[PDB]
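Participant: The structure file final00.csv (CSV, C-alpha atoms) is provided below.
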chain,number,residue,atom,x,y,z
A,149,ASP,CA,-9.6,-4.0,35.0
A,150,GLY,CA,-6.3,-4.0,36.8
A,151,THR,CA,-4.5,-4.0,33.5
A,152,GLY,CA,-2.6,-1.3,31.7
A,153,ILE,CA,-5.3,-1.1,29.0
A,154,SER,CA,-7.8,-0.1,31.7
A,155,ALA,CA,-5.6,2.8,32.9
A,156,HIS,CA,-5.1,3.7,29.2
A,157,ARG,CA,-8.8,3.5,28.2
A,158,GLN,CA,-9.9,6.0,30.8
A,159,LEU,CA,-7.6,8.6,29.2
A,160,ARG,CA,-9.4,8.0,25.9
A,161,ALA,CA,-12.7,8.7,27.7
A,162,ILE,CA,-11.6,11.5,30.1
A,163,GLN,CA,-9.7,13.5,27.5
A,164,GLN,CA,-12.8,13.0,25.3
A,165,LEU,CA,-14.8,15.0,27.9
A,166,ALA,CA,-12.1,17.7,28.1
A,167,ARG,CA,-12.2,18.3,24.3
A,168,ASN,CA,-16.0,18.2,24.4
A,169,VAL,CA,-16.6,20.5,27.4
A,170,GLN,CA,-14.5,23.3,25.8
A,171,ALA,CA,-16.8,23.3,22.8
A,172,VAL,CA,-19.9,24.0,24.9
A,173,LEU,CA,-18.2,26.5,27.2
A,174,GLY,CA,-16.6,28.1,24.1
A,175,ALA,CA,-20.0,28.2,22.5
A,176,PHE,CA,-21.4,30.7,25.0
A,177,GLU,CA,-19.1,33.7,24.5
A,178,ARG,CA,-19.7,33.2,20.8
A,179,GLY,CA,-23.4,33.4,21.6
A,180,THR,CA,-22.8,36.7,23.3
A,181,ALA,CA,-21.2,38.2,20.3
A,182,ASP,CA,-23.8,36.4,18.1
A,183,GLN,CA,-26.8,37.8,20.0
A,184,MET,CA,-25.4,41.3,20.3
A,185,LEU,CA,-25.3,41.7,16.6
A,186,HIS,CA,-28.8,40.5,16.0
A,187,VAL,CA,-30.1,43.1,18.5
A,188,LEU,CA,-27.9,45.9,17.3
A,189,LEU,CA,-29.0,45.3,13.7
A,190,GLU,CA,-32.6,45.6,14.8
A,191,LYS,CA,-31.7,48.8,16.6
A,192,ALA,CA,-29.7,50.3,13.8
A,193,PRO,CA,-31.2,52.1,10.7
A,194,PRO,CA,-29.2,52.6,7.5
A,195,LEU,CA,-27.1,55.7,6.8
A,196,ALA,CA,-28.9,57.5,4.0
A,197,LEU,CA,-32.2,57.5,6.0
B,296,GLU,CA,13.8,45.8,2.9
B,297,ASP,CA,16.5,43.3,4.0
B,298,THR,CA,19.1,41.4,2.1
B,299,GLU,CA,20.0,38.9,4.8
B,300,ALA,CA,17.9,36.0,6.1
B,301,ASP,CA,18.9,33.5,8.8
B,302,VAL,CA,18.2,30.0,7.5
B,303,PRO,CA,18.7,26.7,9.5
B,304,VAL,CA,21.7,24.6,8.7
B,305,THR,CA,21.0,21.1,10.0
B,306,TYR,CA,18.9,19.5,7.4
B,307,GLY,CA,17.3,16.3,8.9
B,308,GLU,CA,16.5,14.5,11.0
B,309,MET,CA,15.2,11.0,11.5
B,310,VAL,CA,17.0,8.2,13.4
B,311,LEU,CA,15.8,4.6,13.0
B,312,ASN,CA,18.2,3.4,15.6
B,313,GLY,CA,17.0,2.5,19.1
B,314,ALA,CA,13.8,0.9,20.1
B,315,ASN,CA,12.3,2.0,16.9
B,316,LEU,CA,14.5,-0.4,15.0
B,317,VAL,CA,13.1,-3.4,16.9
B,318,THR,CA,9.5,-2.6,15.7
B,319,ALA,CA,10.8,-2.4,12.1
B,320,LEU,CA,12.5,-5.8,12.1
B,321,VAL,CA,10.0,-7.6,14.3
B,322,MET,CA,6.5,-6.0,13.9
B,323,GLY,CA,6.7,-4.3,10.5
B,324,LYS,CA,5.0,-1.2,11.9
B,325,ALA,CA,7.1,1.7,13.3
B,326,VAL,CA,6.2,5.1,14.5
B,327,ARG,CA,8.7,7.9,14.0
B,328,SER,CA,8.7,9.3,17.5
B,329,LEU,CA,8.0,6.1,19.4
B,330,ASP,CA,11.2,6.7,21.5
B,331,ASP,CA,9.2,9.3,23.4
B,332,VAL,CA,5.6,8.6,22.5
B,333,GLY,CA,5.8,5.5,24.8
B,334,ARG,CA,7.3,7.8,27.4
B,335,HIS,CA,4.5,10.5,27.5
B,336,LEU,CA,1.7,7.9,27.7
B,337,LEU,CA,3.1,6.7,31.1
B,338,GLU,CA,2.9,10.2,32.6
B,339,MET,CA,-0.4,10.9,31.0
B,340,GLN,CA,-1.5,7.7,32.8
B,341,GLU,CA,-0.9,9.6,36.0
B,342,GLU,CA,-2.1,13.1,37.1
B,343,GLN,CA,-4.4,15.7,35.5
B,344,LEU,CA,-3.3,17.3,32.2
C,8,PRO,CA,1.6,-10.4,5.2
C,9,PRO,CA,4.8,-12.3,5.9
C,10,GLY,CA,5.1,-15.7,7.7
C,11,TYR,CA,6.9,-16.2,11.0
C,12,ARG,CA,9.0,-13.2,11.7
C,13,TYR,CA,12.7,-13.9,11.1
C,14,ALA,CA,13.9,-11.3,13.6
C,15,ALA,CA,11.9,-13.0,16.3
C,16,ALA,CA,13.5,-16.3,15.6
C,17,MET,CA,17.0,-14.8,15.7
C,18,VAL,CA,16.6,-14.6,19.5
C,19,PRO,CA,14.8,-17.8,20.4
C,20,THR,CA,12.2,-18.1,23.1
C,21,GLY,CA,13.3,-21.5,24.4
C,22,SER,CA,15.3,-24.3,22.9
C,23,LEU,CA,13.8,-27.4,21.5
C,24,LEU,CA,14.9,-30.8,22.7
C,25,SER,CA,13.9,-33.1,19.8
C,26,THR,CA,14.8,-33.1,16.1
C,27,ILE,CA,12.3,-35.0,14.0
C,28,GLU,CA,11.4,-35.1,10.3
C,29,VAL,CA,9.1,-32.2,10.0
C,30,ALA,CA,7.3,-32.8,6.7
C,31,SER,CA,5.6,-36.0,8.0
C,32,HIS,CA,2.8,-34.1,9.7
C,33,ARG,CA,2.0,-30.7,8.1
C,34,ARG,CA,-1.5,-30.0,9.4
C,35,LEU,CA,-0.3,-29.8,13.0
C,36,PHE,CA,1.2,-26.5,11.9
C,37,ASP,CA,-0.4,-23.2,10.7
C,38,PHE,CA,2.1,-21.7,8.2
C,39,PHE,CA,4.9,-23.8,6.8
C,40,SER,CA,7.8,-23.4,4.4
C,41,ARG,CA,10.6,-25.7,3.1
C,42,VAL,CA,13.9,-23.9,2.8
C,43,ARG,CA,16.6,-25.4,0.6
C,44,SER,CA,20.0,-24.5,1.8
C,45,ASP,CA,19.3,-20.7,1.9
C,46,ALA,CA,16.2,-19.5,0.2
C,47,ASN,CA,15.7,-16.3,-1.7
C,48,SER,CA,12.9,-14.6,0.3
C,49,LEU,CA,14.6,-15.0,3.7
C,50,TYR,CA,16.1,-11.5,3.5
C,51,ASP,CA,12.8,-9.6,3.1
C,52,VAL,CA,12.2,-6.6,5.3
C,53,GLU,CA,9.0,-4.6,5.0
C,54,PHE,CA,7.3,-2.1,7.3
C,55,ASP,CA,4.8,0.8,7.5
C,56,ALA,CA,4.8,4.0,9.5
C,57,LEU,CA,2.6,6.7,11.1
C,58,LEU,CA,4.1,10.1,10.8
C,59,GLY,CA,2.9,12.9,13.1
C,60,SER,CA,0.2,13.8,15.6
C,61,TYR,CA,-1.6,17.0,14.4
C,62,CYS,CA,-4.6,18.5,16.1
C,63,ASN,CA,-6.6,21.6,16.1
C,64,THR,CA,-6.6,24.0,19.0
C,65,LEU,CA,-9.9,25.5,20.0
C,66,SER,CA,-9.4,29.2,20.2
C,67,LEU,CA,-10.7,29.9,23.8
C,68,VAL,CA,-12.0,33.4,23.3
C,69,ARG,CA,-13.4,35.3,26.2
C,70,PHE,CA,-15.9,38.0,25.4
C,71,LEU,CA,-13.7,40.5,27.1
C,72,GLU,CA,-10.9,39.4,24.7
C,73,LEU,CA,-13.1,41.0,22.1
C,74,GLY,CA,-13.6,44.7,22.1
C,75,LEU,CA,-17.3,44.6,21.1
C,76,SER,CA,-17.6,44.4,24.9
C,77,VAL,CA,-17.3,48.2,24.7
C,78,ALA,CA,-20.9,48.4,23.4
C,79,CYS,CA,-22.2,46.0,26.1
C,80,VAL,CA,-23.0,46.5,29.7
C,81,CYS,CA,-22.5,43.0,31.0
C,82,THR,CA,-23.6,42.3,34.6
C,83,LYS,CA,-24.6,38.7,35.5
C,84,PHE,CA,-27.5,37.7,37.7
C,85,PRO,CA,-27.0,34.6,39.9
C,86,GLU,CA,-30.8,34.3,39.3
C,87,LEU,CA,-32.7,35.5,36.2
C,88,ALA,CA,-35.1,32.6,36.0
C,89,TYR,CA,-37.0,34.0,39.0
C,90,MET,CA,-37.5,37.4,37.5
C,91,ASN,CA,-40.7,38.0,35.6
C,92,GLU,CA,-40.7,41.6,34.2
C,93,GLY,CA,-37.8,43.9,34.9
C,94,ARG,CA,-37.6,47.5,33.6
C,95,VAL,CA,-35.5,50.6,33.9
C,96,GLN,CA,-37.0,54.1,34.1
C,97,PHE,CA,-35.4,56.9,32.0
C,98,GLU,CA,-35.8,60.6,32.8
C,99,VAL,CA,-34.7,63.5,30.6
Could you quickly redo this structure as structure tokens?
Facilitator:
Amino acid sequence: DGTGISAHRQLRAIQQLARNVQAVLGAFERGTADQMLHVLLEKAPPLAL
Amino acid sequence: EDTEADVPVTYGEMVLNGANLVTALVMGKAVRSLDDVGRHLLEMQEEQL
Amino acid sequence: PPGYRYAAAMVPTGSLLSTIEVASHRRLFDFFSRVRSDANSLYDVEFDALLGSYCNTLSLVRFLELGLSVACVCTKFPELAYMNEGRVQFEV
């Protein structure tokens, strides 16, 4: 609308994206350190052997 | 290790006076920081955050 | 849930021009009260409150902020979906 609610309700939806995109972009550097351990564990044998 | 500790002196604070007092008498709902919560929503209504 | 708010009536919207017996028609109103000279519940004040806006902060952690990036050799392709079988030769 032209009302003040319409200017306010965008911010509820726009800042909803900004909190949501940081989760997905923040997920990927986790997934680097996640998938590096699963390969290094399959590379690494235990000590006593 | 140390025998002295710097501790704050002013003990409060909450002030019901101002535009917060109007919401108490009239509406019966009052936010503690509404003196400046209604401020920041107007600049958040403008440019990127 | 109180009736008509007394602080609102302390500063009137606009003055009335006619004084009539009020109790004749009740049902043209919504909430009504009869106050003998000064009633007992006229001095009631009640309110509620919301105290504080507390959020989490997502810890934006780059992989180079970590130091497990020692054990990695990270180079990025602009295109890896077009590669089929890559390999590196080793000679000792």
Participant: Could you check which residues have any atom within 10 Å of (4.2, -14.5, 2.5), counting only C-alpha atoms with coordinates taken straight from the file, and then list them as a PyMOL selection string?
Facilitator: chain C and resi 8-11+38+40+48+51
Participant: Taking a cut-off of 9 Å and counting all atoms listed in the file, can you build a table that, for each residue of chain B near chain C, reports the nearest atom pair and how far apart they are in Å (one decimal), sorted by chain then residue number, as CSV?
Facilitator:
residue,atom,partner,partner_atom,distance
B:317,CA,C:14,CA,8.6
B:318,CA,C:54,CA,8.7
B:319,CA,C:54,CA,5.9
B:320,CA,C:14,CA,5.9
B:321,CA,C:14,CA,5.4
B:322,CA,C:54,CA,7.7
B:323,CA,C:54,CA,3.9
B:324,CA,C:55,CA,4.8
B:325,CA,C:56,CA,5.0
B:326,CA,C:57,CA,5.2
B:327,CA,C:58,CA,6.0
B:328,CA,C:59,CA,8.1
Participant: Residues at most 12 Å from residue A:171, counting only C-alpha atoms, excluding those fewer than 3 positions away in the same chain, as a list in words?
Facilitator: residues 164, 165, 166, 167, 168, 174, 175, 176, 177 and 178 of chain A; 64, 65, 66, 67 and 68 of chain C
Participant: Which of these residues is nearest to chain C, using all atoms listed in the file: A:158, A:182, A:149, A:194?
Facilitator: A:182
Participant: Please, what distance in Å, to one decimal, runs between atom CA of residue A:191 and atom CA of residue C:95?
Facilitator: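 Those two atoms sit 17.8 Å apart.
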Participant: Restrict the distance test to all atoms listed in the file, flag each residue of chain A within 12 Å of chain B, and return the flagged residues as a PDB file with C-alpha atoms, in the coordinates of the input.
Facilitator:
ATOM      1  CA  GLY A 152      -2.600  -1.300  31.700  1.00  0.00           C
ATOM      2  CA  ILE A 153      -5.300  -1.100  29.000  1.00  0.00           C
ATOM      3  CA  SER A 154      -7.800  -0.100  31.700  1.00  0.00           C
ATOM      4  CA  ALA A 155      -5.600   2.800  32.900  1.00  0.00           C
ATOM      5  CA  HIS A 156      -5.100   3.700  29.200  1.00  0.00           C
ATOM      6  CA  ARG A 157      -8.800   3.500  28.200  1.00  0.00           C
ATOM      7  CA  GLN A 158      -9.900   6.000  30.800  1.00  0.00           C
ATOM      8  CA  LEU A 159      -7.600   8.600  29.200  1.00  0.00           C
ATOM      9  CA  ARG A 160      -9.400   8.000  25.900  1.00  0.00           C
ATOM     10  CA  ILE A 162     -11.600  11.500  30.100  1.00  0.00           C
ATOM     11  CA  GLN A 163      -9.700  13.500  27.500  1.00  0.00           C
ATOM     12  CA  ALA A 166     -12.100  17.700  28.100  1.00  0.00           C
ATOM     13  CA  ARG A 167     -12.200  18.300  24.300  1.00  0.00           C
TER      14      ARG A 167
END
Participant: For the interface of chain C with chain A (cut-off 12 Å, counting only C-alpha atoms), please tabulate each contacting residue of chain C alongside its nearest pair of atoms and their separation in Å to one decimal, rows sorted by chain and increasing number, as JSON lines.
Facilitator:
{"residue": "C:62", "atom": "CA", "partner": "A:167", "partner_atom": "CA", "distance": 11.2}
{"residue": "C:63", "atom": "CA", "partner": "A:167", "partner_atom": "CA", "distance": 10.5}
{"residue": "C:64", "atom": "CA", "partner": "A:167", "partner_atom": "CA", "distance": 9.6}
{"residue": "C:65", "atom": "CA", "partner": "A:170", "partner_atom": "CA", "distance": 7.7}
{"residue": "C:66", "atom": "CA", "partner": "A:174", "partner_atom": "CA", "distance": 8.3}
{"residue": "C:67", "atom": "CA", "partner": "A:174", "partner_atom": "CA", "distance": 6.2}
{"residue": "C:68", "atom": "CA", "partner": "A:174", "partner_atom": "CA", "distance": 7.1}
{"residue": "C:69", "atom": "CA", "partner": "A:177", "partner_atom": "CA", "distance": 6.2}
{"residue": "C:70", "atom": "CA", "partner": "A:177", "partner_atom": "CA", "distance": 5.4}
{"residue": "C:71", "atom": "CA", "partner": "A:177", "partner_atom": "CA", "distance": 9.1}
{"residue": "C:72", "atom": "CA", "partner": "A:177", "partner_atom": "CA", "distance": 10.0}
{"residue": "C:73", "atom": "CA", "partner": "A:181", "partner_atom": "CA", "distance": 8.8}
{"residue": "C:74", "atom": "CA", "partner": "A:181", "partner_atom": "CA", "distance": 10.2}
{"residue": "C:75", "atom": "CA", "partner": "A:181", "partner_atom": "CA", "distance": 7.5}
{"residue": "C:76", "atom": "CA", "partner": "A:181", "partner_atom": "CA", "distance": 8.5}
{"residue": "C:77", "atom": "CA", "partner": "A:184", "partner_atom": "CA", "distance": 11.5}
{"residue": "C:78", "atom": "CA", "partner": "A:184", "partner_atom": "CA", "distance": 9.0}
{"residue": "C:79", "atom": "CA", "partner": "A:184", "partner_atom": "CA", "distance": 8.1}
{"residue": "C:80", "atom": "CA", "partner": "A:184", "partner_atom": "CA", "distance": 11.0}
{"residue": "C:81", "atom": "CA", "partner": "A:180", "partner_atom": "CA", "distance": 10.0}
Participant: Quick one: pull the distance between atom CA of residue C:41 and atom CA of residue C:27, Å, one decimal.
Facilitator: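 Atom CA of residue C:41 sits 14.4 Å away from atom CA of residue C:27.
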Participant: For atom CA of residue C:93 and atom CA of residue A:192, determine how far apart the two atoms are, in Å to one decimal place.
Facilitator: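 Atom-to-atom, atom CA of residue C:93 and atom CA of residue A:192 are spaced 23.5 Å apart.
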Participant: Taking every listed atom of stretch 21-29 of chain C and adding 5 Å to each side, what centre and edge lengths in Å (one decimal) does the axis-aligned box have, as lines of an AutoDock Vina configuration file?
Facilitator:
center_x = 12.2
center_y = -28.3
center_z = 17.2
size_x = 16.2
size_y = 23.6
size_z = 24.4
Participant: Please export stretch 164-187 of chain A as a PDB file, in the first residue's frame, restricted to C-alpha atoms.
Facilitator:
ATOM      1  CA  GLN A 164      13.777 -12.499   7.056  1.00  0.00           C
ATOM      2  CA  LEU A 165      15.853 -13.178   3.938  1.00  0.00           C
ATOM      3  CA  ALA A 166      19.029 -11.719   5.448  1.00  0.00           C
ATOM      4  CA  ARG A 167      18.792 -14.009   8.467  1.00  0.00           C
ATOM      5  CA  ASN A 168      17.966 -16.917   6.153  1.00  0.00           C
ATOM      6  CA  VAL A 169      20.711 -16.452   3.545  1.00  0.00           C
ATOM      7  CA  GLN A 170      23.423 -16.339   6.239  1.00  0.00           C
ATOM      8  CA  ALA A 171      22.359 -19.828   7.311  1.00  0.00           C
ATOM      9  CA  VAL A 172      22.908 -21.278   3.836  1.00  0.00           C
ATOM     10  CA  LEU A 173      26.128 -19.384   3.130  1.00  0.00           C
ATOM     11  CA  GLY A 174      27.296 -20.229   6.639  1.00  0.00           C
ATOM     12  CA  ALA A 175      26.444 -23.878   6.009  1.00  0.00           C
ATOM     13  CA  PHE A 176      29.074 -24.338   3.323  1.00  0.00           C
ATOM     14  CA  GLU A 177      32.250 -23.540   5.260  1.00  0.00           C
ATOM     15  CA  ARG A 178      30.892 -25.912   7.871  1.00  0.00           C
ATOM     16  CA  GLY A 179      30.559 -28.462   5.078  1.00  0.00           C
ATOM     17  CA  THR A 180      34.202 -27.983   4.160  1.00  0.00           C
ATOM     18  CA  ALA A 181      35.347 -28.781   7.699  1.00  0.00           C
ATOM     19  CA  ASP A 182      32.719 -31.516   7.829  1.00  0.00           C
ATOM     20  CA  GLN A 183      33.772 -33.287   4.642  1.00  0.00           C
ATOM     21  CA  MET A 184      37.479 -32.884   5.381  1.00  0.00           C
ATOM     22  CA  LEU A 185      37.169 -34.978   8.539  1.00  0.00           C
ATOM     23  CA  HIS A 186      35.257 -37.772   6.810  1.00  0.00           C
ATOM     24  CA  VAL A 187      38.008 -38.118   4.203  1.00  0.00           C
TER      25      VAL A 187
END
